[PDB]
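This document opens with one chain alone, in structure tokens, the form deposited in one PDB entry.
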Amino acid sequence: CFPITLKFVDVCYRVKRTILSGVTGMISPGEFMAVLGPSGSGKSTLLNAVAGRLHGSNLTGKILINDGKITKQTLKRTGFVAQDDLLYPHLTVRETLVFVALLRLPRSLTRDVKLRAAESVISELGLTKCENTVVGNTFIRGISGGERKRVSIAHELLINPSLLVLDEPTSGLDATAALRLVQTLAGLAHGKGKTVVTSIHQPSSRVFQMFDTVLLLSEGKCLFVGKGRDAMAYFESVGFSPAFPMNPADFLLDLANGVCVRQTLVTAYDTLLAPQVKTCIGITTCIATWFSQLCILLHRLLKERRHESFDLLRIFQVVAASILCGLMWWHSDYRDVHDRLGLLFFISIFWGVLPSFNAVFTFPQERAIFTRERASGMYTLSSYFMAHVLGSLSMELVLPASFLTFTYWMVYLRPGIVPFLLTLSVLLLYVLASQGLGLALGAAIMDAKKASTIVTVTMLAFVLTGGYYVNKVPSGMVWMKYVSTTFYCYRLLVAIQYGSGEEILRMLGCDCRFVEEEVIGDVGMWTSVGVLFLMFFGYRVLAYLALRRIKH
């Protein structure tokens, strides 16, 4: 049993405005202190300066975890439940808390110890009768808002903390769900010997009955500390009583808001209670934990990258483009050299626009969950990036491989096993090379509407210079095809279906320079392959360096 006594002595916090000034108190092992105050009084700045997420020059004052300063050994026993709940919406409640248990608990334990620690906090917080329910956010409909907060508390109870610092847990709940939530926070402060500190926004009449001690901030100058049942007995002494039946938490916020008065209760506290508050004061251990962090992060996000890959409005978009492409070029003749190349350029526009546009929403949408979880240990951005690289290498190759299996034998392309699997290999390498353009642009620009416009303009300049629409490019724009991804896929597709124009010039008898300039071209088959590999790796190295630059 390691309990924490906590004492902050005269904490100040300016920002460039004074938010906190002279806040002093103590929090004991085994008490449930609630921090009351109006909005903009400095409640949430006091919780961040106590949990340890704020230190520097803007802060001023001694914050003492068990008579000593805050070192990083204490932060493993200190939890902070922030105001917003960032959970993946397709995992169940048991799946959410088991993946967090493997990632957060140390690797000295077995996989059965770290699995029984995740089904103990399910029974502690009362999540047993929803443990197979999907979490959901607003569209993947799941657990309630009062059980979404209990999952976010269970993230911080898996490491068994001694000081649990919550930041407005009862905001947005009922009067019943917000009473039962405080009934459990009072449970694991009187039975577990913990030290719970919270900040309630507007307590009801019997939520306020459950507080051991109350700290009341006016606009950053600490009107009252002490017990909750002795709150209005102190204000009767200075001469402030309610004139009608009030909730005692309503009467306190009306003193801190100027409706009853602020300066008269600063000088009353500073001479009567603020005096005596001072009186009680390797290559198999560096590598194996990366490949286990990767293996859990890849198995966790399989369900996330399954509804953003096999969306039923994206399967329909590829089923429709297979039937249309399969009907317009149905039983096509390879001696029509102009329509066979417009088929192979439709495959290059469709499978460069569709992967690069969908990949640009991947990193903006997970910036908040990655920031909260990387700062909490739990991974190191290179096992997070390499689980998004590998997790979308596997899922994004099922729809282009089913487009081509359908529309290769109906369209009468080049018959055989080796012409089929060379066309399939070039199409899958082009989907992965163009997907990384969307990853590198969505990570450099962490907005998703500002980056869907730059990947639209880039894919339009890639298609216009890709080899088919314009044949007489002006002399100052012939360089732009060499940076184009579409130019190297389309030159490879024509080289598989036609070769070096030898059989087609015999059958056409044109050996009329139409088929010498469109089927042979400029780049070889190995220069075209080795630039689609340089754009595979190179557009994912640029997406990693973009994500280092954010700080998150």
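We number the residues from 1 along the sequence you see. In this text, the rigid core denotes the largest set of C-alpha atoms whose superposition between the two forms falls within 1.5 Å.
Fill in: Check: residue 509 without coordinates in a third or more of other entries
Yes; at least one third of the other entries leave residue 509 out.
Practice prompt. Check whether residue 144 goes without coordinates in at least a third of the other compared PDB entries of this protein that model residues on both sides of it.
Written response: Counting only entries that model residues on both sides, residue 144 is resolved in every one of them.
Practice prompt. Going by the record, give me the number of deposited-sequence residues missing between residue 115 and residue 116 as none, 1 to 3, 4 to 9, or 10 or more.
Written response: The entry has no gap there; residue 115 and residue 116 are joined directly.
Just so it is clear, the following notes concern the form deposited in another entry, a form of the same protein that is not shown.
Worksheet entry | 2 Å-or-more CA mover between this form and the one not shown, where superposition uses the core and the choices are 300, 114, 221, 94 | Result of the comparison: 221.
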